[PDB]
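The file input-v3.txt comes next; it holds compact mmCIF, C-alpha atoms.
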```txt
# COMPACT_ATOMS: atom_id res chain seq x y z
CA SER A 788 -9.17 -50.02 77.13
CA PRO A 789 -10.51 -46.43 77.67
CA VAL A 790 -11.94 -45.25 81.05
CA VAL A 791 -14.01 -42.30 82.47
CA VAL A 792 -12.18 -39.19 83.86
CA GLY A 793 -13.81 -39.64 87.30
CA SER A 794 -14.87 -43.27 87.91
CA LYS A 795 -12.04 -44.68 90.13
CA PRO A 796 -13.99 -44.24 93.47
CA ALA A 797 -17.21 -45.61 91.81
CA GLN A 798 -15.36 -48.74 90.54
CA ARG A 799 -13.89 -49.44 94.03
CA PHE A 800 -17.24 -48.79 95.92
CA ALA A 801 -19.24 -51.31 93.79
CA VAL A 802 -16.70 -54.16 94.25
CA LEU A 803 -16.31 -53.66 98.07
CA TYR A 804 -20.07 -54.12 98.70
CA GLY A 805 -20.05 -57.15 96.36
CA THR A 806 -17.11 -58.79 98.21
CA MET A 807 -18.89 -58.44 101.61
CA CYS A 808 -22.31 -59.50 100.12
CA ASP A 809 -20.75 -62.74 98.71
CA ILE A 810 -19.87 -63.88 102.27
CA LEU A 811 -23.47 -63.02 103.47
CA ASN A 812 -25.01 -64.94 100.50
CA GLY A 813 -22.67 -67.91 101.06
CA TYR A 814 -20.52 -67.55 97.89
CA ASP A 815 -17.01 -69.19 97.92
CA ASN A 816 -15.23 -65.82 97.29
CA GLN A 817 -13.23 -65.54 100.58
CA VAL A 818 -11.11 -62.44 101.39
CA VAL A 819 -9.37 -60.44 104.21
CA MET A 820 -12.67 -59.14 105.63
CA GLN A 821 -10.86 -56.57 107.88
CA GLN A 822 -8.91 -54.72 105.12
CA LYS A 823 -11.90 -54.64 102.71
CA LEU A 824 -14.25 -53.36 105.48
CA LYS A 825 -11.77 -50.56 106.36
CA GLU A 826 -11.65 -49.70 102.60
CA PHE A 827 -15.49 -49.86 102.44
CA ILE A 828 -15.92 -47.35 105.31
CA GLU A 829 -13.25 -45.05 103.71
CA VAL A 830 -15.04 -44.94 100.31
CA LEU A 831 -18.48 -44.24 101.95
CA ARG A 832 -16.81 -41.33 103.87
CA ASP A 833 -15.36 -39.59 100.69
CA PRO A 834 -17.70 -37.00 99.03
CA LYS A 835 -16.41 -37.72 95.45
CA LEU A 836 -18.40 -41.04 95.34
CA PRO A 837 -21.95 -39.59 94.54
CA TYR A 838 -20.44 -37.63 91.60
CA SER A 839 -18.34 -40.67 90.57
CA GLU A 840 -21.48 -42.92 90.50
CA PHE A 841 -23.36 -40.30 88.40
CA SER A 842 -20.42 -39.68 85.97
CA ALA A 843 -19.98 -43.46 85.33
CA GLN A 844 -23.66 -44.07 84.44
CA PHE A 845 -24.55 -40.67 82.80
CA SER A 846 -21.60 -40.89 80.30
CA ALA A 847 -23.45 -43.75 78.49
CA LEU A 848 -26.84 -42.01 79.09
CA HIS A 849 -25.84 -38.57 77.61
CA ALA A 850 -27.19 -39.38 74.10
CA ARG A 851 -30.37 -41.10 75.37
CA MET A 852 -33.92 -39.62 75.43
CA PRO A 853 -34.59 -35.76 75.19
CA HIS A 854 -31.23 -33.95 75.69
CA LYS A 855 -33.09 -30.94 77.25
CA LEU A 856 -33.10 -32.86 80.58
CA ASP A 857 -29.61 -34.38 79.98
CA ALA A 858 -27.98 -30.91 79.57
CA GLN A 859 -29.74 -29.27 82.58
CA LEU A 860 -28.53 -32.15 84.86
CA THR A 861 -24.86 -31.73 83.72
CA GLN A 862 -24.86 -27.93 84.49
CA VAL A 863 -25.98 -28.55 88.12
CA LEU A 864 -23.39 -31.36 88.65
CA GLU A 865 -20.42 -29.33 87.28
CA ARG A 866 -21.29 -26.25 89.39
CA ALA A 867 -21.82 -28.28 92.62
CA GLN A 868 -18.58 -30.31 92.11
CA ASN A 869 -16.17 -27.32 92.07
CA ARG A 870 -18.33 -24.79 94.00
CA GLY A 871 -19.19 -26.68 97.19
CA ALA A 872 -18.75 -30.38 98.05
CA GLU A 873 -22.26 -31.89 98.73
CA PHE A 874 -24.10 -33.62 95.85
CA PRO A 875 -27.29 -31.85 94.58
CA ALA A 876 -29.31 -35.13 95.02
CA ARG A 877 -32.47 -33.25 96.19
CA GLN A 878 -32.41 -30.93 93.09
CA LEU A 879 -31.77 -33.88 90.70
CA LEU A 880 -34.78 -35.85 92.12
CA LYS A 881 -37.13 -32.90 91.38
CA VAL A 882 -36.02 -32.42 87.73
CA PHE A 883 -36.35 -36.18 86.89
CA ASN A 884 -40.01 -36.39 88.06
CA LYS A 885 -40.88 -33.00 86.37
CA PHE A 886 -39.82 -34.39 82.96
CA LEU A 887 -40.31 -38.25 82.95
CA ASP A 888 -43.75 -39.22 84.42
CA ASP A 889 -44.89 -35.56 84.68
CA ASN A 890 -44.05 -34.22 81.20
CA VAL A 891 -46.13 -36.90 79.44
CA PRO A 892 -46.76 -34.75 76.27
CA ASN A 893 -43.31 -33.36 75.22
CA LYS A 894 -40.66 -35.28 77.24
CA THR A 895 -42.19 -38.80 77.29
CA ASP A 896 -44.07 -39.50 73.97
CA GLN A 897 -44.76 -43.05 75.26
CA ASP A 898 -44.24 -44.27 78.87
CA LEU A 899 -40.61 -45.41 78.30
CA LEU A 900 -38.51 -42.72 80.09
CA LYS A 901 -39.11 -44.08 83.63
CA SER A 902 -37.12 -47.25 82.74
CA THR A 903 -34.30 -45.35 80.92
CA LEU A 904 -33.48 -42.90 83.76
CA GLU A 905 -34.10 -45.56 86.53
CA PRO A 906 -30.34 -45.93 87.53
CA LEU A 907 -30.11 -42.07 87.87
CA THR A 908 -33.33 -42.04 89.98
CA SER A 909 -31.78 -44.76 92.25
CA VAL A 910 -28.60 -42.61 92.72
CA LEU A 911 -30.24 -39.25 93.67
CA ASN A 912 -32.64 -41.21 96.03
CA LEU A 913 -29.71 -42.97 97.81
CA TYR A 914 -28.00 -39.56 98.46
CA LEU A 915 -31.37 -37.60 98.94
CA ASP A 916 -30.89 -37.78 102.78
CA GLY A 917 -27.09 -37.13 102.60
CA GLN A 918 -23.59 -38.66 102.24
CA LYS A 919 -23.31 -40.12 105.82
CA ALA A 920 -26.98 -41.22 105.52
CA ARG A 921 -25.84 -43.40 102.56
CA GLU A 922 -23.00 -44.78 104.78
CA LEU A 923 -25.61 -45.78 107.43
CA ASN A 924 -28.20 -47.20 104.90
CA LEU A 925 -25.72 -49.78 103.46
CA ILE A 926 -24.49 -50.90 106.99
CA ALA A 927 -28.18 -51.50 107.93
CA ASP A 928 -28.68 -53.59 104.71
CA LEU A 929 -25.72 -55.90 105.64
CA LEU A 930 -27.16 -56.43 109.17
CA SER A 931 -30.69 -57.01 107.73
CA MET A 932 -29.26 -59.49 105.14
CA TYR A 933 -27.80 -61.52 108.03
CA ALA A 934 -31.05 -61.44 110.10
CA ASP A 935 -33.45 -62.26 107.17
CA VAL A 936 -31.74 -65.63 106.56
CA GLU A 937 -30.80 -66.49 110.22
CA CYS A 938 -34.27 -65.66 111.77
CA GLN A 939 -35.87 -68.86 110.33
CA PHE A 940 -33.10 -71.00 111.90
CA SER A 941 -33.69 -69.14 115.20
CA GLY A 942 -37.38 -69.81 114.40
CA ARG A 943 -40.05 -71.64 116.47
CA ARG A 944 -38.06 -74.74 117.67
CA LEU A 945 -36.97 -75.65 114.08
CA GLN A 946 -33.30 -76.65 114.51
CA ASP A 947 -33.49 -78.94 111.47
CA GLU A 948 -32.74 -77.49 107.99
CA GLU A 949 -34.43 -80.43 106.11
CA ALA A 950 -37.63 -79.91 108.20
CA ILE A 951 -37.34 -76.18 107.36
CA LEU A 952 -36.93 -77.06 103.56
CA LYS A 953 -40.16 -79.16 103.70
CA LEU A 954 -41.74 -76.17 105.49
CA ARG A 955 -40.55 -73.86 102.64
CA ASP A 956 -42.68 -75.99 100.24
CA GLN A 957 -45.57 -73.50 100.99
CA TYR A 958 -44.12 -70.93 98.55
CA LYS A 959 -43.72 -71.23 94.76
CA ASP A 960 -41.07 -68.45 94.86
CA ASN A 961 -39.12 -70.71 97.25
CA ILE A 962 -38.10 -72.90 94.20
CA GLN A 963 -34.73 -70.95 93.88
CA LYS A 964 -34.98 -69.25 97.34
CA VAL A 965 -34.76 -72.65 99.19
CA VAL A 966 -31.14 -73.42 98.13
CA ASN A 967 -29.91 -69.75 98.51
CA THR A 968 -30.92 -69.50 102.22
CA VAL A 969 -29.47 -72.99 103.05
CA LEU A 970 -26.19 -72.01 101.27
CA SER A 971 -25.98 -68.86 103.45
CA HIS A 972 -26.54 -70.82 106.74
CA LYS A 973 -23.73 -73.32 105.96
CA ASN A 974 -21.16 -70.46 105.90
CA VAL A 975 -22.53 -68.75 109.07
CA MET A 976 -19.04 -68.89 110.74
CA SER A 977 -17.65 -66.39 108.16
CA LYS A 978 -20.97 -64.43 108.25
CA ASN A 979 -20.79 -63.98 112.09
CA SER A 980 -17.21 -62.63 111.92
CA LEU A 981 -18.28 -60.05 109.22
CA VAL A 982 -21.23 -58.80 111.34
CA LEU A 983 -18.96 -58.71 114.46
CA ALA A 984 -16.47 -56.50 112.54
CA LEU A 985 -19.38 -54.28 111.37
CA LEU A 986 -20.68 -54.02 114.97
CA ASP A 987 -17.14 -53.26 116.33
CA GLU A 988 -16.81 -50.33 113.84
CA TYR A 989 -20.12 -48.76 115.00
CA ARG A 990 -19.47 -49.55 118.75
CA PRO A 991 -18.55 -45.83 119.55
CA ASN A 992 -22.35 -45.17 119.55
CA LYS A 993 -21.98 -43.91 123.19
CA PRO A 994 -21.67 -40.16 122.16
CA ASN A 995 -23.70 -40.35 118.86
CA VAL A 996 -26.85 -42.07 120.30
CA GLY A 997 -28.92 -39.79 118.00
CA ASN A 998 -28.05 -39.92 114.26
CA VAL A 999 -26.23 -43.28 113.85
CA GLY A 1000 -27.99 -44.68 116.99
CA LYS A 1001 -31.66 -44.41 115.90
CA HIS A 1002 -30.69 -45.47 112.33
CA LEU A 1003 -29.19 -48.81 113.60
CA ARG A 1004 -31.95 -49.30 116.31
CA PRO A 1005 -34.40 -51.48 114.14
CA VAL A 1006 -31.77 -53.85 112.64
CA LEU A 1007 -30.11 -54.22 116.08
CA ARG A 1008 -33.32 -55.17 117.94
CA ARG A 1009 -34.03 -57.94 115.36
CA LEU A 1010 -30.45 -59.29 115.90
CA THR A 1011 -30.93 -59.51 119.69
CA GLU A 1012 -33.77 -62.07 119.02
CA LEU A 1013 -31.18 -64.52 117.61
CA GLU A 1014 -30.70 -66.45 120.88
CA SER A 1015 -29.54 -69.58 118.88
CA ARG A 1016 -26.05 -70.90 119.94
CA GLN A 1017 -24.43 -69.93 116.58
CA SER A 1018 -25.67 -66.28 116.73
CA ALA A 1019 -25.67 -66.15 120.61
CA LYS A 1020 -22.29 -64.33 120.83
CA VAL A 1021 -23.32 -61.78 118.13
CA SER A 1022 -26.67 -61.17 119.97
CA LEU A 1023 -24.69 -60.35 123.17
CA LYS A 1024 -22.37 -57.93 121.28
CA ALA A 1025 -25.40 -56.42 119.48
CA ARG A 1026 -27.11 -55.90 122.87
CA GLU A 1027 -23.98 -53.96 124.08
CA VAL A 1028 -24.77 -51.30 121.41
CA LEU A 1029 -28.52 -51.03 122.27
CA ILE A 1030 -27.67 -50.52 126.00
CA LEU A 1031 -25.67 -47.43 124.88
CA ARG A 1040 -21.55 -21.21 118.22
CA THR A 1041 -17.99 -22.63 117.78
CA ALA A 1042 -17.45 -20.53 114.62
CA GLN A 1043 -19.24 -17.38 115.98
CA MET A 1044 -16.95 -16.97 119.01
CA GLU A 1045 -13.82 -17.76 116.90
CA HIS A 1046 -14.61 -14.75 114.69
CA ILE A 1047 -15.12 -12.42 117.70
CA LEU A 1048 -11.70 -13.53 119.15
CA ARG A 1049 -10.02 -12.87 115.78
CA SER A 1050 -11.80 -9.48 115.24
CA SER A 1051 -10.29 -8.24 118.55
CA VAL A 1052 -6.81 -9.37 117.38
CA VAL A 1053 -6.53 -7.28 114.24
CA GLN A 1054 -8.64 -4.12 114.29
CA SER A 1055 -9.04 -3.01 110.63
CA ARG A 1056 -8.76 0.82 111.19
CA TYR A 1057 -8.27 1.69 107.48
CA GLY A 1058 -4.91 3.38 106.85
CA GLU A 1059 -2.58 0.96 108.67
CA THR A 1060 -1.57 -2.62 107.73
CA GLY A 1061 0.03 -3.95 110.96
CA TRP A 1062 -2.66 -4.33 113.63
CA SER A 1063 -1.47 -7.88 114.51
CA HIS A 1064 0.63 -6.67 117.50
CA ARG A 1065 -2.25 -4.54 118.96
CA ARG A 1066 -3.86 -6.15 122.04
CA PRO A 1067 -7.54 -7.33 122.00
CA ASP A 1068 -10.06 -4.53 122.46
CA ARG A 1069 -12.37 -4.91 125.48
CA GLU A 1070 -15.46 -3.57 123.59
CA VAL A 1071 -14.89 -6.15 120.80
CA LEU A 1072 -15.11 -9.06 123.32
CA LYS A 1073 -17.68 -7.25 125.54
CA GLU A 1074 -20.53 -8.87 123.50
CA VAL A 1075 -19.50 -12.38 124.64
CA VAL A 1076 -18.84 -11.54 128.32
CA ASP A 1077 -22.32 -9.85 128.62
CA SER A 1078 -24.13 -12.79 126.94
CA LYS A 1079 -26.47 -15.31 128.62
CA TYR A 1080 -25.25 -18.60 126.99
CA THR A 1081 -22.93 -21.19 128.59
CA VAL A 1082 -20.03 -19.61 126.53
CA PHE A 1083 -17.70 -21.86 128.63
CA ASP A 1084 -19.11 -24.96 126.85
CA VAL A 1085 -16.93 -24.30 123.75
CA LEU A 1086 -14.22 -21.81 125.08
CA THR A 1087 -12.12 -24.71 126.66
CA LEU A 1088 -10.60 -25.61 123.22
CA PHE A 1089 -9.83 -21.98 122.10
CA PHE A 1090 -6.93 -21.29 124.55
CA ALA A 1091 -5.86 -24.46 122.73
CA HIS A 1092 -4.55 -25.26 119.20
CA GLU A 1093 -4.84 -21.59 118.04
CA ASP A 1094 -2.50 -18.64 117.44
CA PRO A 1095 -0.75 -17.71 120.78
CA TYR A 1096 -2.55 -14.34 120.44
CA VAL A 1097 -5.98 -16.03 119.87
CA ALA A 1098 -5.17 -18.26 122.94
CA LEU A 1099 -4.48 -14.97 124.89
CA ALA A 1100 -7.83 -13.51 123.62
CA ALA A 1101 -9.75 -16.61 124.81
CA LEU A 1102 -8.11 -16.25 128.31
CA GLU A 1103 -9.28 -12.63 128.52
CA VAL A 1104 -12.89 -13.56 127.48
CA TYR A 1105 -12.95 -16.18 130.26
CA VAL A 1106 -11.78 -13.76 133.04
CA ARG A 1107 -14.32 -10.99 132.14
CA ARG A 1108 -17.17 -13.60 132.18
CA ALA A 1109 -16.21 -16.02 135.05
CA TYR A 1110 -15.63 -13.32 137.73
CA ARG A 1111 -18.44 -10.85 136.66
CA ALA A 1112 -19.70 -9.69 140.17
CA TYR A 1113 -16.03 -8.81 140.89
CA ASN A 1114 -14.54 -5.44 139.87
CA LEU A 1115 -12.73 -4.77 136.56
CA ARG A 1116 -8.93 -4.24 136.70
CA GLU A 1117 -5.74 -4.10 134.47
CA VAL A 1118 -4.68 -7.13 132.33
CA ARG A 1119 -0.98 -7.98 131.68
CA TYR A 1120 0.28 -10.70 129.29
CA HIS A 1121 3.87 -11.95 129.80
CA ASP A 1122 5.89 -14.18 127.46
CA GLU A 1123 8.48 -16.55 128.99
CA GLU A 1124 8.68 -20.25 127.86
CA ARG A 1125 4.98 -21.26 127.46
CA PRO A 1126 2.70 -18.70 125.62
CA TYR A 1127 0.13 -18.41 128.45
CA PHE A 1128 1.15 -15.90 131.27
CA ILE A 1129 -1.91 -13.62 131.91
CA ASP A 1130 -2.12 -11.31 134.94
CA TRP A 1131 -5.11 -9.56 136.60
CA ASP A 1132 -6.08 -8.46 140.14
```
Before we go any further, please render this structure as structure tokens.
Amino acid sequence: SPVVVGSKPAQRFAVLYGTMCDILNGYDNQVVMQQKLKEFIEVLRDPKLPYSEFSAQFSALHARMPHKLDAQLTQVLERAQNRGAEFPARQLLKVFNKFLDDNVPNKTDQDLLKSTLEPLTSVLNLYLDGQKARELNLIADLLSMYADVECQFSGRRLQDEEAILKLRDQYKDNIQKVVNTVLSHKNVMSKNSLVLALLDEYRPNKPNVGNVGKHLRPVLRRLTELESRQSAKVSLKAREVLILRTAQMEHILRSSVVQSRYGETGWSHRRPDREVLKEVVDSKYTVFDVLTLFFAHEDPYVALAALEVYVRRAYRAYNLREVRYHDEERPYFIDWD
């Protein structure tokens, strides 16, 4: 059977969410939850996925309604794929609205186009905030899926499912909803372990209390409410979480290394010029915040340059004197007085 040129990451993303969701819903499809979750995080972290999702759906939607829109979308995708890495989700959202519901006369003869381009509109809205934002949105949905079902069981002294079923009688929609929620609660043991694994993966929230922290804050606070014996351990673990220039200087270091001076090719050997690195030593910023990793993991000359920058900025009130770099075993030996 034939396949799309770029649809392999899209085909593996869709199944991994489905496999985890089945455990949350209460479906019999059991699997090695650890391996699939690792695979799920890996696919959400690759930037090919937004393009892969678009390419899989758009291939069948090429010869759909007015091609004028279909062709302009393709040009933006192809340019952004090779040139750059981030998906043009924000640009693609703008062009869909401008043609579908907006261009009522030419583009949409009758109000039909909104339904046709709906999967595309769902894709550029999911990535509108960004790639890692998509990674955080889905994690939140899994946590929320767990809480939505479990909250009623942790509800106002109702420990009985049959009493809860007779309580569910209030809603007409509950006709099919009743059995679904009960099915999910029966397989809570597997559900708890999935959430625990999801919480363990996002446990290094200690440094990133901002971006991933605030994003997980609402779903986490609802989980802490689940005092019930079954969810008691997960509530404790959840609570643990709630309790919880670089480039600019690199260029200056490298510009002192090799001074262009048109006419000669080999300026690599030439020592770093004082005036070149004078800009940094006379600055006001806490230069020393980043510097600590530049005498590190760089060219032994760039490591030398970083050492010099440090001396001329750390002992400023002191007088300027001769600098000597020696090479023995370890490329480090600097000398000043």
Draw an axis-aligned box over all listed atoms of region 924-942 of chain A, pad each side with 8 Å, and write its centre and edge lengths in Å, one decimal, as lines of an AutoDock Vina configuration file.
```
center_x = -30.9
center_y = -59.1
center_z = 109.3
size_x = 28.9
size_y = 39.8
size_z = 27.7
```
Quick one: residues within 12 Å of region 841-850 of chain A, only C-alpha atoms, excluding same-chain residues fewer than 2 positions away - as a VMD selection string? chain A and resid 790 to 798 801 835 to 839 852 to 861 864 to 865 868 874 to 876 879 900 903 to 911 913 to 914
Take the residues from that selection and put them in a file with C-alpha atoms, as a PDB file, keeping the file's coordinate frame.
```
ATOM      1  CA  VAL A 790     -11.940 -45.250  81.050  1.00  0.00           C
ATOM      2  CA  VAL A 791     -14.010 -42.300  82.470  1.00  0.00           C
ATOM      3  CA  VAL A 792     -12.180 -39.190  83.860  1.00  0.00           C
ATOM      4  CA  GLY A 793     -13.810 -39.640  87.300  1.00  0.00           C
ATOM      5  CA  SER A 794     -14.870 -43.270  87.910  1.00  0.00           C
ATOM      6  CA  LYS A 795     -12.040 -44.680  90.130  1.00  0.00           C
ATOM      7  CA  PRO A 796     -13.990 -44.240  93.470  1.00  0.00           C
ATOM      8  CA  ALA A 797     -17.210 -45.610  91.810  1.00  0.00           C
ATOM      9  CA  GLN A 798     -15.360 -48.740  90.540  1.00  0.00           C
ATOM     10  CA  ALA A 801     -19.240 -51.310  93.790  1.00  0.00           C
ATOM     11  CA  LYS A 835     -16.410 -37.720  95.450  1.00  0.00           C
ATOM     12  CA  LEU A 836     -18.400 -41.040  95.340  1.00  0.00           C
ATOM     13  CA  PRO A 837     -21.950 -39.590  94.540  1.00  0.00           C
ATOM     14  CA  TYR A 838     -20.440 -37.630  91.600  1.00  0.00           C
ATOM     15  CA  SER A 839     -18.340 -40.670  90.570  1.00  0.00           C
ATOM     16  CA  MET A 852     -33.920 -39.620  75.430  1.00  0.00           C
ATOM     17  CA  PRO A 853     -34.590 -35.760  75.190  1.00  0.00           C
ATOM     18  CA  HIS A 854     -31.230 -33.950  75.690  1.00  0.00           C
ATOM     19  CA  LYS A 855     -33.090 -30.940  77.250  1.00  0.00           C
ATOM     20  CA  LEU A 856     -33.100 -32.860  80.580  1.00  0.00           C
ATOM     21  CA  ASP A 857     -29.610 -34.380  79.980  1.00  0.00           C
ATOM     22  CA  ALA A 858     -27.980 -30.910  79.570  1.00  0.00           C
ATOM     23  CA  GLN A 859     -29.740 -29.270  82.580  1.00  0.00           C
ATOM     24  CA  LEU A 860     -28.530 -32.150  84.860  1.00  0.00           C
ATOM     25  CA  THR A 861     -24.860 -31.730  83.720  1.00  0.00           C
ATOM     26  CA  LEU A 864     -23.390 -31.360  88.650  1.00  0.00           C
ATOM     27  CA  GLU A 865     -20.420 -29.330  87.280  1.00  0.00           C
ATOM     28  CA  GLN A 868     -18.580 -30.310  92.110  1.00  0.00           C
ATOM     29  CA  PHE A 874     -24.100 -33.620  95.850  1.00  0.00           C
ATOM     30  CA  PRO A 875     -27.290 -31.850  94.580  1.00  0.00           C
ATOM     31  CA  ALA A 876     -29.310 -35.130  95.020  1.00  0.00           C
ATOM     32  CA  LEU A 879     -31.770 -33.880  90.700  1.00  0.00           C
ATOM     33  CA  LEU A 900     -38.510 -42.720  80.090  1.00  0.00           C
ATOM     34  CA  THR A 903     -34.300 -45.350  80.920  1.00  0.00           C
ATOM     35  CA  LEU A 904     -33.480 -42.900  83.760  1.00  0.00           C
ATOM     36  CA  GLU A 905     -34.100 -45.560  86.530  1.00  0.00           C
ATOM     37  CA  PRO A 906     -30.340 -45.930  87.530  1.00  0.00           C
ATOM     38  CA  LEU A 907     -30.110 -42.070  87.870  1.00  0.00           C
ATOM     39  CA  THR A 908     -33.330 -42.040  89.980  1.00  0.00           C
ATOM     40  CA  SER A 909     -31.780 -44.760  92.250  1.00  0.00           C
ATOM     41  CA  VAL A 910     -28.600 -42.610  92.720  1.00  0.00           C
ATOM     42  CA  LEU A 911     -30.240 -39.250  93.670  1.00  0.00           C
ATOM     43  CA  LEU A 913     -29.710 -42.970  97.810  1.00  0.00           C
ATOM     44  CA  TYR A 914     -28.000 -39.560  98.460  1.00  0.00           C
TER      45      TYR A 914
END
```
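Counting from CA of residue 992 (chain A), the distance to CA of residue 1044 (chain A) is 28.7 Å.
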For region 1054-1064 of chain A: contacts at 12 Å, only C-alpha atoms, fewer than 6 positions along chain excluded, given as a PDB file with C-alpha atoms, in the coordinates of the input:
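Output file around.pdb follows:
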```pdb
ATOM      1  CA  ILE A1047     -15.120 -12.420 117.700  1.00  0.00           C
ATOM      2  CA  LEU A1048     -11.700 -13.530 119.150  1.00  0.00           C
ATOM      3  CA  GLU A1070     -15.460  -3.570 123.590  1.00  0.00           C
ATOM      4  CA  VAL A1071     -14.890  -6.150 120.800  1.00  0.00           C
ATOM      5  CA  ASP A1094      -2.500 -18.640 117.440  1.00  0.00           C
ATOM      6  CA  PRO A1095      -0.750 -17.710 120.780  1.00  0.00           C
ATOM      7  CA  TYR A1096      -2.550 -14.340 120.440  1.00  0.00           C
ATOM      8  CA  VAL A1097      -5.980 -16.030 119.870  1.00  0.00           C
TER       9      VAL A1097
END
```
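Going from CA of residue 945 (chain A) to CA of residue 961 (chain A) covers 17.7 Å.
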One residue among A:867, A:883, A:1104, A:985 is nearest to residue 895 (chain A) when using only C-alpha atoms, and that residue is A:883
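Between CA of residue 833 (chain A) and CA of residue 919 (chain A) the interatomic distance comes to 9.5 Å.
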Selected residue of minimal separation from residue 933 (chain A) among A:1116, A:1009, A:1001, A:993, counting all atoms listed in the file: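 Residue with the minimum atom-to-atom distance to residue 933 (chain A): A:1009.
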Using only C-alpha atoms, can you tell me which of A:799, A:978, A:1103, A:967 comes closest to residue 1119 (chain A)?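 Looking at the shortest contact to residue 1119 (chain A), the residue is A:1103.
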I'd like the neighbourhood of residue 1018 (chain A) as a VMD selection string, where a residue qualifies if any of its atoms comes within 12 Å (using all atoms listed in the file), though same-chain residues fewer than 4 positions away should be ignored. chain A and resid 933 to 934 936 to 938 940 to 941 972 975 to 980 982 to 983 1009 to 1014 1022 to 1025
For residue 1052 (chain A), the nearest of the candidates A:966, A:986, A:1072, A:920, counting all atoms listed in the file: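 Closest to residue 1052 (chain A), using all atoms listed in the file: A:1072.
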Please determine, counting only C-alpha atoms, which residue among A:984, A:1109, A:1031, A:872 has the shortest atom-to-atom distance to residue 918 (chain A).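 Under the stated criterion, the closest residue is A:872.
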Would you pick out the contacts of region 1084-1093 of chain A at 8 Å or less, using all atoms listed in the file, so that residues sharing its chain but fewer than 2 positions from it are not included, and give the list as number ranges by chain? A: 1040-1041, 1045, 1081-1082, 1095-1102, 1105
